[PDB]
Each structure stands twice: as C-alpha cells, then as structure tokens.
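J.: First the structure, then my questions, so here it is.
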Amino acid sequence: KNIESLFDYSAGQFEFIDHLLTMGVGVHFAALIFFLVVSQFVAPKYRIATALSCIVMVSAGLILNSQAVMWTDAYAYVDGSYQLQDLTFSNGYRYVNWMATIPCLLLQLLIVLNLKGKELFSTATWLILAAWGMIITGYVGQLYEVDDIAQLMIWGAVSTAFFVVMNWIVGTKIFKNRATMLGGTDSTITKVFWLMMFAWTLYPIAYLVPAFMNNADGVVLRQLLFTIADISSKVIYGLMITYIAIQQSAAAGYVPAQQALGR
Ligand SMILES: *C/C=C(C)/C=C/C=C(C)/C=C/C1=C(C)CCCC1(C)C
Ligand SMILES: CCCCCCCCCCCC
Ligand SMILES: CCCCCCCCCCCC
Ligand SMILES: CCCCCCCCCCCC
Ligand SMILES: CCCCCCCCCC
Ligand SMILES: CCCCCCCCCC
Ligand SMILES: CCCCCCCCCC
Ligand SMILES: CCCCCCCC
Ligand SMILES: CCCCCCCC
Ligand SMILES: CCCCCCCC
Ligand SMILES: CCCCCCCC
Ligand SMILES: CCCCCC
Ligand SMILES: CCCCCC
Ligand SMILES: [Cl-]
C-alpha cells in the first residue's frame, strides 16, 4: 500500500535514504542534550517549553531510527540492487507518531506566547483536535497511495482543511499575543510563525509524491523532504522556542537566564 514497495533500489538510492534518516537521528539527539542543559536557565513559567523540545527530540529521533532500521530490515542487496524481502516498511509510522509530537510542538508555542489557565487549555484542546483530524485523515489517505490515487487526493483535501484551520488558530494566537512578549521576542515569534508555515507545508508536498513522481527517485525525494521538514519543524523551531523562553525569562528577572545570556 506504499509506493516504496513497488521498486528495487540502487545502492546509491538505498544508502542515501539510510544516511538521511541516520543523520536525522544524530541531529535530534545532539539537540536533545543542548535543550536539556539549557533548561536550567529557563524560568519556571517557560521551562516546560524546553522540556517539550526534549520530548520531541527523542520521540522524533526514535521514529527516524525506527524508519532507518525498518528500511534495512525490509530490503536486501541481491543481484545488484536492493530488493524487497519483507512488506514491513511504511511511512505510516510517522503519522502515528505525529499524534504525539505535533501536540508537543503546538503546546510549547502556546507556553512562550504567555497563554495561561483556561485560554491555554481551550486553545490547546482545539489545536490538538484539529491536528489529530489532519493526521488521521492523512494517515487513511496514504494507505491508498498505490491502490487509489484519487482517494489519496480526497483524504488529502480533507486533511488540508484541518491543516488550514489549525494554522489559522496558530497565526491568530501568535499575532494577537506578540504584544505580551518580552525582551524583543515579539519580533522573534513572527519568524517562528513563518518557519512553521514553511516547514509544515513540506509534509503535504511529500504526501503528494506518489501523484507526481511515482518512481524510486520520488521515494528518495520524499525522504529528503521529510528530513528537511523534520529538522526545520522540530530542531530549528525548538531552538527558536528555547531562545524565546530564555530571553523572556531574563526580561522577567530570572537570574539564571540573565547570567546565561550574559556569558
Ligand atoms: C515533526 C512533524 C511535523 C511538524 C509534522 C507535520 C505534519 C503535517 C503538517 C501534515 C500535513 C498533511 C496534510 C496538510 C495533507 C496531507 C496529509 C498530511 C497529514 C501529510
Ligand atoms: C479567547 C480565548 C481563546 C480560547 C480558545 C480559542 C481557540 C480558537 C482560537 C481562534 C483564534 C482566536
Ligand atoms: C517576517 C517574514 C519572515 C518570512 C520568512 C520566510 C519563510 C517563508 C518563505 C517561503 C517562501 C517560499
Ligand atoms: C544531506 C541533505 C541534508 C538534508 C537535511 C538538511 C536540513 C535543512 C533544514 C534547514 C537547515 C538550515
Ligand atoms: C550525525 C550527527 C549530526 C550532528 C548535528 C549537530 C546538530 C546540532 C544541534 C544542536
Ligand atoms: C501505513 C501502514 C503502516 C501503519 C503504521 C501503524 C498504524 C496503526 C494505527 C492505525
Ligand atoms: C472554538 C472553535 C475553533 C474551531 C476549531 C476547529 C478545529 C477542528 C476540530 C474538530
Ligand atoms: C551527544 C548525543 C548524540 C547522540 C547521537 C547518537 C546518534 C546515533
Ligand atoms: C486535484 C488535486 C487535489 C489534491 C489535493 C490533495 C492535497 C494534499
Ligand atoms: C494561516 C492563517 C493565518 C491567520 C492570520 C490571522 C491574523 C489575525
Ligand atoms: C546560555 C545558553 C543560551 C541558549 C540560547 C538558546 C537558543 C540558542
Ligand atoms: C527506534 C525503536 C523502534 C520503535 C519506535 C518508537
Ligand atoms: C498569512 C498567510 C500565510 C501563508 C503561508 C504560505
Ligand atoms: Cl515525527
């Protein structure tokens, strides 16, 4: 049910996909250590936002590791190409994991936007419902990327509706709350918005690869898009969220944040 199963792979194609995923693992787990160490310089009000980046680093890192091992489990080099041995690799495992990681990405945004109490809980609930609707419909849609491309497109259209509503909530909360933000992070958070719009849109482009490049090189392109998108939406994003957290902490008078930025 996945286009990966349709092709034999050259060593170059197969090993490049493996190296992309392994590089992704190393980037996420290196970033994890950074987020862990700097969390002590974040004030209590914001510290969960940096903890959430640690959670996302390990959760996404584990899925990228799992995809890499599944990839090498599923194929063997036979007669000059990597040939399918087991019908077990699928990008669908990424979608299941997004059910956890996308809420974490959204929640750490809400924390540095200074949302509290009922608004934080209400906003998180609606964002997570929209995200889950997007993920579930996209997951069903990619089950058909071989058998029924029309069905892939229609589930993709429904998923995109959820995506667009989710992004409207995200953008509205960012632009309505950037005046609360301290230490110049009213500017920084605007760039976070655009980083999200760019990086998250790479995922529906990857989803459509079976429709516009259904060959072994499109399989590579999709893994490349996922890799660009993962590093941008989780690592670069998380570094920006943590910068905003530490900068607002120092502006609020948290001494460890002030001393950390002074060094
Ligand atoms: C770290 C993982 C992230 C930020 C994943 C984000 C995923 C999406 C924005 C997925 C979007 C989709 C659509 C807009 C339509 C096609 C189906 C999806 C689920 C791939
Ligand atoms: C006013 C408090 C917001 C409650 C949750 C709103 C969730 C939808 C956000 C739409 C843009 C404001
Ligand atoms: C304040 C404007 C920041 C814009 C950042 C660019 C991210 C989106 C560019 C997409 C162009 C294809
Ligand atoms: C070997 C190709 C690497 C692909 C992943 C690079 C991620 C780029 C995201 C933005 C980096 C500044
Ligand atoms: C394969 C190891 C990749 C390490 C990249 C370093 C990323 C820096 C994150 C702070
Ligand atoms: C797309 C096939 C792989 C699916 C991964 C596991 C999904 C189980 C929950 C629906
Ligand atoms: C307060 C209502 C905001 C609309 C959120 C829509 C998300 C779709 C989830 C079903
Ligand atoms: C210092 C932590 C980096 C761990 C990278 C592990 C890559 C398999
Ligand atoms: C007619 C093509 C529409 C495709 C919509 C799918 C978007 C992910
Ligand atoms: C992608 C939708 C952006 C919403 C911007 C709303 C500004 C108040
Ligand atoms: C002293 C550590 C500062 C960390 C800033 C976070 C974003 C780079
Ligand atoms: C990387 C271990 C495989 C399970 C993925 C959560
Ligand atoms: C405000 C519209 C954002 C568009 C992102 C592609
Ligand atoms: Cl992920």
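Residues are referred to by chain and number: the chain letter is A, B, ... according to the order shown in the structure tokens, the number counts from 1 in that chain, and ligands are numbered separately from 1 in the order shown.
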Tell me, counting only C-alpha atoms, for each residue of region 109-181 of chain A within 10 Å of region 194-203 of chain A, which pair of atoms is nearest and how far apart they are in Å to one decimal, in rows ordered by chain and increasing number, as CSV.

T.:
residue,atom,partner,partner_atom,distance
A:160,CA,A:201,CA,9.8
A:163,CA,A:201,CA,9.2
A:167,CA,A:197,CA,7.8
A:170,CA,A:196,CA,9.4
A:171,CA,A:194,CA,9.2

J.: Return as a list in words every polymer residue, whether protein, DNA or RNA, with at least one atom no more than 7 Å from an atom of ligand 9; count only C-alpha atoms and all ligand atoms.

T.: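 The residues near ligand 9 are residues 153, 154, 156, 157, 160, 204, 207 and 208 of chain A.
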
J.: Where in region 42-263 of chain A does DSSP assign helix (DSSP H, G or I), given as an mmCIF file with C-alpha atoms, in the first residue's frame?

T.:
data_model
loop_
_atom_site.group_PDB
_atom_site.id
_atom_site.type_symbol
_atom_site.label_atom_id
_atom_site.label_comp_id
_atom_site.auth_asym_id
_atom_site.auth_seq_id
_atom_site.Cartn_x
_atom_site.Cartn_y
_atom_site.Cartn_z
ATOM 1 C CA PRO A 44 9.549 28.116 35.752
ATOM 2 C CA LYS A 45 6.808 29.784 33.684
ATOM 3 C CA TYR A 46 8.505 28.687 30.467
ATOM 4 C CA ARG A 47 10.609 25.663 31.385
ATOM 5 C CA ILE A 48 8.050 23.161 30.088
ATOM 6 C CA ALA A 49 8.538 24.633 26.613
ATOM 7 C CA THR A 50 12.168 23.490 26.605
ATOM 8 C CA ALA A 51 11.245 20.149 28.194
ATOM 9 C CA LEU A 52 8.791 19.647 25.332
ATOM 10 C CA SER A 53 11.637 20.059 22.854
ATOM 11 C CA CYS A 54 13.480 17.276 24.697
ATOM 12 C CA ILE A 55 10.403 15.064 24.402
ATOM 13 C CA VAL A 56 10.053 15.860 20.700
ATOM 14 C CA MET A 57 13.770 15.199 20.057
ATOM 15 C CA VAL A 58 13.553 11.701 21.499
ATOM 16 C CA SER A 59 10.122 10.921 20.041
ATOM 17 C CA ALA A 60 11.026 12.031 16.511
ATOM 18 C CA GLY A 61 14.556 10.674 16.874
ATOM 19 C CA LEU A 62 13.144 7.266 17.773
ATOM 20 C CA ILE A 63 10.826 7.290 14.759
ATOM 21 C CA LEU A 64 13.662 8.263 12.430
ATOM 22 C CA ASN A 65 15.802 5.498 13.921
ATOM 23 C CA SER A 66 12.886 3.073 13.588
ATOM 24 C CA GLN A 67 12.339 4.040 9.949
ATOM 25 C CA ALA A 68 16.040 3.509 9.223
ATOM 26 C CA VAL A 69 16.082 0.039 10.778
ATOM 27 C CA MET A 70 12.753 -0.862 9.126
ATOM 28 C CA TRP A 71 14.267 0.222 5.806
ATOM 29 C CA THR A 72 17.285 -2.052 6.207
ATOM 30 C CA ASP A 73 15.075 -4.881 7.552
ATOM 31 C CA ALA A 74 12.791 -4.715 4.508
ATOM 32 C CA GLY A 92 2.571 5.394 8.137
ATOM 33 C CA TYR A 93 4.544 5.037 11.366
ATOM 34 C CA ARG A 94 5.466 8.728 11.108
ATOM 35 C CA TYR A 95 1.768 9.665 11.087
ATOM 36 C CA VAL A 96 1.097 7.680 14.245
ATOM 37 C CA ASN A 97 3.957 9.472 15.941
ATOM 38 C CA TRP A 98 2.716 12.903 14.839
ATOM 39 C CA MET A 99 -0.304 12.230 17.075
ATOM 40 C CA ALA A 100 2.122 12.862 19.933
ATOM 41 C CA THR A 101 4.771 15.191 18.508
ATOM 42 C CA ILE A 102 2.526 17.757 16.782
ATOM 43 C CA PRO A 103 0.643 18.494 20.056
ATOM 44 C CA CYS A 104 4.019 18.932 21.767
ATOM 45 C CA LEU A 105 5.163 21.412 19.106
ATOM 46 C CA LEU A 106 1.906 23.346 19.426
ATOM 47 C CA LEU A 107 1.924 23.360 23.217
ATOM 48 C CA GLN A 108 5.440 24.774 23.507
ATOM 49 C CA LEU A 109 4.366 27.633 21.229
ATOM 50 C CA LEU A 110 1.381 28.415 23.462
ATOM 51 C CA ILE A 111 3.649 28.471 26.507
ATOM 52 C CA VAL A 112 6.024 31.100 25.116
ATOM 53 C CA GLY A 117 -5.197 28.911 32.549
ATOM 54 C CA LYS A 118 -8.433 28.476 30.648
ATOM 55 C CA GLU A 119 -7.197 30.031 27.408
ATOM 56 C CA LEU A 120 -4.147 27.763 27.354
ATOM 57 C CA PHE A 121 -6.295 24.667 27.911
ATOM 58 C CA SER A 122 -9.018 25.763 25.491
ATOM 59 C CA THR A 123 -6.543 26.724 22.753
ATOM 60 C CA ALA A 124 -4.523 23.538 23.192
ATOM 61 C CA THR A 125 -7.693 21.433 23.018
ATOM 62 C CA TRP A 126 -8.897 22.965 19.749
ATOM 63 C CA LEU A 127 -5.409 22.858 18.208
ATOM 64 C CA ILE A 128 -4.899 19.214 19.154
ATOM 65 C CA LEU A 129 -8.338 18.224 17.831
ATOM 66 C CA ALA A 130 -7.570 19.978 14.532
ATOM 67 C CA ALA A 131 -4.127 18.375 14.349
ATOM 68 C CA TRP A 132 -5.499 14.905 15.079
ATOM 69 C CA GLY A 133 -8.152 15.369 12.404
ATOM 70 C CA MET A 134 -5.415 16.345 9.951
ATOM 71 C CA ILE A 135 -3.169 13.425 10.914
ATOM 72 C CA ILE A 136 -5.878 10.756 10.928
ATOM 73 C CA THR A 137 -7.302 11.739 7.548
ATOM 74 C CA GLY A 138 -3.811 11.967 6.060
ATOM 75 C CA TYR A 139 -2.953 8.562 7.518
ATOM 76 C CA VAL A 140 -6.012 6.996 5.882
ATOM 77 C CA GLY A 141 -5.213 8.797 2.631
ATOM 78 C CA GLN A 142 -1.667 7.444 2.303
ATOM 79 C CA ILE A 149 -4.601 7.887 -6.014
ATOM 80 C CA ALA A 150 -7.982 9.645 -6.277
ATOM 81 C CA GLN A 151 -8.737 8.552 -2.719
ATOM 82 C CA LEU A 152 -5.324 9.790 -1.610
ATOM 83 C CA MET A 153 -6.249 13.183 -3.036
ATOM 84 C CA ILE A 154 -9.682 13.418 -1.412
ATOM 85 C CA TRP A 155 -8.492 12.398 2.054
ATOM 86 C CA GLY A 156 -5.648 14.841 1.463
ATOM 87 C CA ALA A 157 -8.140 17.621 0.743
ATOM 88 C CA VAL A 158 -9.991 16.899 3.994
ATOM 89 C CA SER A 159 -6.676 16.776 5.866
ATOM 90 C CA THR A 160 -5.655 20.097 4.306
ATOM 91 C CA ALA A 161 -8.895 21.656 5.586
ATOM 92 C CA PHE A 162 -7.882 20.698 9.136
ATOM 93 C CA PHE A 163 -4.324 21.938 8.446
ATOM 94 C CA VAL A 164 -5.580 25.340 7.293
ATOM 95 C CA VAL A 165 -7.914 25.768 10.280
ATOM 96 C CA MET A 166 -5.099 24.715 12.627
ATOM 97 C CA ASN A 167 -2.786 27.264 11.006
ATOM 98 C CA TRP A 168 -5.433 29.967 11.351
ATOM 99 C CA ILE A 169 -5.618 29.259 15.090
ATOM 100 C CA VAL A 170 -1.803 29.291 15.302
ATOM 101 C CA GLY A 171 -1.374 32.514 13.343
ATOM 102 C CA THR A 172 -4.213 34.269 15.130
ATOM 103 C CA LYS A 173 -2.824 33.408 18.559
ATOM 104 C CA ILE A 174 0.694 34.465 17.545
ATOM 105 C CA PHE A 175 -0.255 37.818 16.069
ATOM 106 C CA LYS A 176 -2.762 38.658 18.823
ATOM 107 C CA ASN A 177 -0.300 37.851 21.631
ATOM 108 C CA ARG A 178 3.056 39.070 20.355
ATOM 109 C CA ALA A 179 2.499 42.344 22.267
ATOM 110 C CA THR A 180 2.706 40.395 25.556
ATOM 111 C CA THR A 185 10.621 38.293 21.287
ATOM 112 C CA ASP A 186 7.567 39.990 19.773
ATOM 113 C CA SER A 187 9.784 40.159 16.703
ATOM 114 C CA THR A 188 11.224 36.652 17.082
ATOM 115 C CA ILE A 189 7.837 34.951 17.303
ATOM 116 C CA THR A 190 6.799 36.393 13.938
ATOM 117 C CA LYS A 191 9.684 34.459 12.375
ATOM 118 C CA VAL A 192 8.536 31.345 14.232
ATOM 119 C CA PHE A 193 5.152 31.691 12.504
ATOM 120 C CA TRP A 194 6.745 31.787 9.055
ATOM 121 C CA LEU A 195 9.126 28.939 9.890
ATOM 122 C CA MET A 196 6.077 26.837 10.830
ATOM 123 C CA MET A 197 4.186 27.725 7.639
ATOM 124 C CA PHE A 198 7.228 26.823 5.517
ATOM 125 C CA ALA A 199 8.306 23.635 7.259
ATOM 126 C CA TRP A 200 4.858 22.158 7.929
ATOM 127 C CA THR A 201 3.841 22.674 4.292
ATOM 128 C CA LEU A 202 6.662 20.338 3.210
ATOM 129 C CA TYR A 203 4.712 17.400 4.679
ATOM 130 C CA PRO A 204 1.720 17.672 2.278
ATOM 131 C CA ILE A 205 4.203 18.071 -0.598
ATOM 132 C CA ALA A 206 5.842 14.792 0.462
ATOM 133 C CA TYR A 207 2.371 13.210 0.756
ATOM 134 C CA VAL A 209 4.915 12.492 -4.248
ATOM 135 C CA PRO A 210 3.006 9.314 -5.306
ATOM 136 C CA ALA A 211 0.883 11.559 -7.551
ATOM 137 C CA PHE A 212 3.665 13.491 -9.318
ATOM 138 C CA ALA A 216 12.320 5.224 -6.983
ATOM 139 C CA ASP A 217 13.748 8.735 -7.222
ATOM 140 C CA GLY A 218 10.474 10.147 -5.862
ATOM 141 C CA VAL A 219 10.824 7.753 -2.939
ATOM 142 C CA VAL A 220 14.194 9.414 -2.272
ATOM 143 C CA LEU A 221 12.738 12.900 -2.733
ATOM 144 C CA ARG A 222 10.013 12.175 -0.185
ATOM 145 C CA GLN A 223 12.520 11.058 2.440
ATOM 146 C CA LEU A 224 14.576 14.164 1.641
ATOM 147 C CA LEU A 225 11.524 16.412 2.096
ATOM 148 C CA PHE A 226 10.656 14.693 5.384
ATOM 149 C CA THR A 227 14.245 15.210 6.552
ATOM 150 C CA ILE A 228 14.296 18.927 5.684
ATOM 151 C CA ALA A 229 10.858 19.315 7.282
ATOM 152 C CA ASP A 230 11.716 17.354 10.451
ATOM 153 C CA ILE A 231 14.899 19.315 11.171
ATOM 154 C CA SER A 232 13.155 22.625 10.424
ATOM 155 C CA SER A 233 9.873 21.949 12.261
ATOM 156 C CA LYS A 234 11.403 20.289 15.337
ATOM 157 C CA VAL A 235 15.082 21.215 15.781
ATOM 158 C CA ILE A 236 15.335 24.731 14.311
ATOM 159 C CA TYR A 237 11.866 25.536 15.675
ATOM 160 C CA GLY A 238 12.796 24.177 19.092
ATOM 161 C CA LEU A 239 15.968 26.254 19.179
ATOM 162 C CA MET A 240 13.902 29.351 18.413
ATOM 163 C CA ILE A 241 11.292 28.484 21.063
ATOM 164 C CA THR A 242 14.041 27.950 23.647
ATOM 165 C CA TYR A 243 15.730 31.216 22.671
ATOM 166 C CA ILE A 244 12.393 32.988 23.181
ATOM 167 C CA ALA A 245 11.930 31.197 26.509
ATOM 168 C CA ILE A 246 15.354 32.225 27.824
ATOM 169 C CA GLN A 247 15.042 35.802 26.549
ATOM 170 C CA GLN A 248 11.618 36.287 28.133
ATOM 171 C CA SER A 249 12.892 34.636 31.333
ATOM 172 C CA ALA A 250 15.735 37.136 31.609
ATOM 173 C CA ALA A 251 13.464 40.077 30.787
ATOM 174 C CA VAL A 255 18.648 35.421 37.338
ATOM 175 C CA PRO A 256 19.911 32.160 35.733
ATOM 176 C CA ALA A 257 18.578 33.351 32.379
ATOM 177 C CA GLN A 258 20.287 36.730 32.844
ATOM 178 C CA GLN A 259 23.607 35.118 33.797
ATOM 179 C CA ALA A 260 23.340 32.602 30.949
ATOM 180 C CA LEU A 261 22.784 35.360 28.390
ATOM 181 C CA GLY A 262 25.500 37.498 29.985
#

J.: Return as a Markdown table the residues of chain A lying at most 8 Å from ligand 5, together with the closest atom-to-atom pair for each and the distance in Å to one decimal, counting only C-alpha atoms and all ligand atoms, with rows in chain order and ascending residue number.

T.:
| residue | atom | partner | partner_atom_place_in_ligand_line | distance |
| --- | --- | --- | --- | --- |
| A:22 | CA | ligand 5 | 1 (C) | 6.8 |
| A:23 | CA | ligand 5 | 1 (C) | 4.4 |
| A:24 | CA | ligand 5 | 1 (C) | 6.9 |
| A:25 | CA | ligand 5 | 1 (C) | 7.0 |
| A:26 | CA | ligand 5 | 2 (C) | 4.0 |
| A:27 | CA | ligand 5 | 5 (C) | 4.1 |
| A:28 | CA | ligand 5 | 9 (C) | 6.8 |
| A:29 | CA | ligand 5 | 9 (C) | 7.8 |
| A:30 | CA | ligand 5 | 9 (C) | 5.0 |
| A:31 | CA | ligand 5 | 9 (C) | 3.9 |
| A:32 | CA | ligand 5 | 10 (C) | 7.6 |
| A:33 | CA | ligand 5 | 10 (C) | 7.9 |
| A:34 | CA | ligand 5 | 10 (C) | 6.0 |
| A:235 | CA | ligand 5 | 9 (C) | 7.2 |

J.: If you keep N, CA, C and O atoms, can you produce a file of those selected residues as a PDB file, in the first residue's frame?

T.:
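The file below, result.pdb, is the result:
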ATOM      1  N   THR A  22      19.603   8.406   9.356  1.00  0.00           N
ATOM      2  CA  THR A  22      20.583   8.319  10.434  1.00  0.00           C
ATOM      3  C   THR A  22      21.114   9.698  10.799  1.00  0.00           C
ATOM      4  O   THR A  22      21.291  10.007  11.988  1.00  0.00           O
ATOM      5  N   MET A  23      21.372  10.542   9.793  1.00  0.00           N
ATOM      6  CA  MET A  23      21.755  11.926  10.073  1.00  0.00           C
ATOM      7  C   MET A  23      20.673  12.635  10.871  1.00  0.00           C
ATOM      8  O   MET A  23      20.973  13.363  11.833  1.00  0.00           O
ATOM      9  N   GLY A  24      19.408  12.415  10.501  1.00  0.00           N
ATOM     10  CA  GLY A  24      18.303  12.990  11.257  1.00  0.00           C
ATOM     11  C   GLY A  24      18.298  12.546  12.709  1.00  0.00           C
ATOM     12  O   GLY A  24      18.048  13.350  13.609  1.00  0.00           O
ATOM     13  N   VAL A  25      18.579  11.263  12.957  1.00  0.00           N
ATOM     14  CA  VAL A  25      18.662  10.776  14.339  1.00  0.00           C
ATOM     15  C   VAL A  25      19.728  11.548  15.105  1.00  0.00           C
ATOM     16  O   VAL A  25      19.497  12.024  16.227  1.00  0.00           O
ATOM     17  N   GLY A  26      20.921  11.670  14.514  1.00  0.00           N
ATOM     18  CA  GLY A  26      22.019  12.316  15.215  1.00  0.00           C
ATOM     19  C   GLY A  26      21.749  13.780  15.494  1.00  0.00           C
ATOM     20  O   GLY A  26      22.106  14.291  16.555  1.00  0.00           O
ATOM     21  N   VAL A  27      21.115  14.476  14.552  1.00  0.00           N
ATOM     22  CA  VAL A  27      20.791  15.885  14.780  1.00  0.00           C
ATOM     23  C   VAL A  27      19.805  16.022  15.933  1.00  0.00           C
ATOM     24  O   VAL A  27      19.977  16.871  16.817  1.00  0.00           O
ATOM     25  N   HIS A  28      18.763  15.187  15.952  1.00  0.00           N
ATOM     26  CA  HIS A  28      17.756  15.317  17.009  1.00  0.00           C
ATOM     27  C   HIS A  28      18.329  14.972  18.374  1.00  0.00           C
ATOM     28  O   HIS A  28      18.017  15.645  19.366  1.00  0.00           O
ATOM     29  N   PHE A  29      19.158  13.930  18.459  1.00  0.00           N
ATOM     30  CA  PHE A  29      19.681  13.567  19.774  1.00  0.00           C
ATOM     31  C   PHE A  29      20.809  14.489  20.219  1.00  0.00           C
ATOM     32  O   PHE A  29      20.988  14.688  21.426  1.00  0.00           O
ATOM     33  N   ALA A  30      21.563  15.088  19.288  1.00  0.00           N
ATOM     34  CA  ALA A  30      22.502  16.133  19.702  1.00  0.00           C
ATOM     35  C   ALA A  30      21.756  17.344  20.248  1.00  0.00           C
ATOM     36  O   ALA A  30      22.121  17.888  21.303  1.00  0.00           O
ATOM     37  N   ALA A  31      20.695  17.767  19.555  1.00  0.00           N
ATOM     38  CA  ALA A  31      19.897  18.899  20.021  1.00  0.00           C
ATOM     39  C   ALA A  31      19.278  18.608  21.379  1.00  0.00           C
ATOM     40  O   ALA A  31      19.174  19.502  22.230  1.00  0.00           O
ATOM     41  N   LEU A  32      18.875  17.355  21.600  1.00  0.00           N
ATOM     42  CA  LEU A  32      18.315  16.950  22.887  1.00  0.00           C
ATOM     43  C   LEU A  32      19.222  17.353  24.039  1.00  0.00           C
ATOM     44  O   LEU A  32      18.759  17.897  25.045  1.00  0.00           O
ATOM     45  N   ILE A  33      20.521  17.080  23.911  1.00  0.00           N
ATOM     46  CA  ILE A  33      21.440  17.378  25.007  1.00  0.00           C
ATOM     47  C   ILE A  33      21.506  18.882  25.238  1.00  0.00           C
ATOM     48  O   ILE A  33      21.518  19.348  26.384  1.00  0.00           O
ATOM     49  N   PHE A  34      21.510  19.664  24.155  1.00  0.00           N
ATOM     50  CA  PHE A  34      21.503  21.117  24.287  1.00  0.00           C
ATOM     51  C   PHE A  34      20.262  21.596  25.030  1.00  0.00           C
ATOM     52  O   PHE A  34      20.364  22.371  25.992  1.00  0.00           O
ATOM     53  N   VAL A 235      13.801  20.793  15.219  1.00  0.00           N
ATOM     54  CA  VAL A 235      15.082  21.215  15.781  1.00  0.00           C
ATOM     55  C   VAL A 235      15.247  22.727  15.689  1.00  0.00           C
ATOM     56  O   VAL A 235      15.452  23.406  16.707  1.00  0.00           O
TER      57      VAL A 235
END

J.: Nearest to residue 76 (chain A): which of A:184, A:43, A:35, A:9 is it, counting only C-alpha atoms?

T.: A:9

J.: How would you write, as a list in words, the set of residues in region 1-178 of chain A that DSSP gives as strand (DSSP E or B)?

T.: residues 9, 75, 76, 77, 78, 81, 82, 83 and 84 of chain A

J.: Dump C-alpha atoms for the selected residues as a short mmCIF file (atom, residue, chain, number, x, y, z; two decimals), in the first residue's frame?

T.:
data_model
loop_
_atom_site.label_atom_id
_atom_site.label_comp_id
_atom_site.auth_asym_id
_atom_site.auth_seq_id
_atom_site.Cartn_x
_atom_site.Cartn_y
_atom_site.Cartn_z
CA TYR A 9 16.73 0.46 -5.33
CA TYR A 75 15.40 -4.92 1.73
CA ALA A 76 18.46 -6.99 0.88
CA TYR A 77 21.13 -6.39 -1.76
CA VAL A 78 20.51 -9.12 -4.35
CA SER A 81 20.01 -3.88 -6.30
CA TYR A 82 18.21 -3.61 -3.00
CA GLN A 83 15.15 -5.83 -3.41
CA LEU A 84 12.09 -6.14 -1.19
#

J.: With only C-alpha atoms and all ligand atoms as the basis for distance, which of A:1, A:15, A:79, A:21 is at the shortest distance from ligand 8?

T.: A:21

J.: Have a look at A:115, A:42, A:143, A:20 and name the one nearest to ligand 1; count only C-alpha atoms and all ligand atoms.

T.: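 With only C-alpha atoms and all ligand atoms as the atom set, the closest residue is A:143.
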